[PDB]
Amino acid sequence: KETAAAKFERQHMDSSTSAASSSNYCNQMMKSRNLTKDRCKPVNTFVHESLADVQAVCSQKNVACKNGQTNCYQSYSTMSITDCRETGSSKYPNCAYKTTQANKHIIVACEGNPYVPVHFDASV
């Protein structure tokens, strides 16, 4: 089904853009990546690297999750990510976001075997 790994690529992976094409990159994406499903995922960051690179992060700098859980990993490098916040105009089903684009390290939670990304924690 909707696997964990699989859940990460849907929500958190857009390797099709080097970055947010526009400010709607977030209303177009969220919406579409089924994040607006049966709610407005309030905040979500899209990474713009490959998958093989993002998955790498699981063999990368191990850091704590904001959670306190221990399988997070920051990227040694720095990724292009588009961070998505909903705007105070978001009203489900009418999900509307504030695209913020940045180049930051990413921090993800790894999991499985293969140990791959399964939750996206931060960016720094």
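For clarity, a rigid core is taken as the largest C-alpha set superposing within 1.5 Å between two forms. One-based numbering along the sequence shown.
Higher C-alpha RMS shift from the shown form in 5 other deposited structures of this protein - 30-38 or 73-81, rigid core fit: Between 30-38 and 73-81, the one lying farther away in 5 other deposited structures of this protein is 30-38.
Which has higher Cα B-factors on average according to the PDB entry: 46-54 or 81-89? Between 46-54 and 81-89, it is 81-89 that shows the higher mean C-alpha B-factor.
I need to verify one thing: averaged over C-alpha atoms only, is the B-factor higher for 14-22 or for 102-110? Going by the record's values, the stretch with the higher mean is 14-22.
Determine which member of 28, 59, 75, 71 has the highest CA B-factor, using the values in the deposited entry. Spelled out: the listed residue with the top C-alpha B-factor is 28.
Grab the CA temperature factor for residue 66 from the record and place it in the lowest, middle or highest third of its chain. Tercile = highest for this residue's CA B-factor.
Relative C-alpha B-factor of residue 41, binned into the chain's lowest, middle or highest third: Tercile = lowest for this residue's CA B-factor.
Third of the chain, ranked by Cα B-factor, where residue 122 sits: Its C-alpha B-factor, which the entry lists for residue 122, ranks in the lowest third among residues of this chain.
Thinking about Cα B factors across the chain, which third does residue 6 belong to? It belongs to the lowest third of the chain when residues are ordered by C-alpha B-factor.
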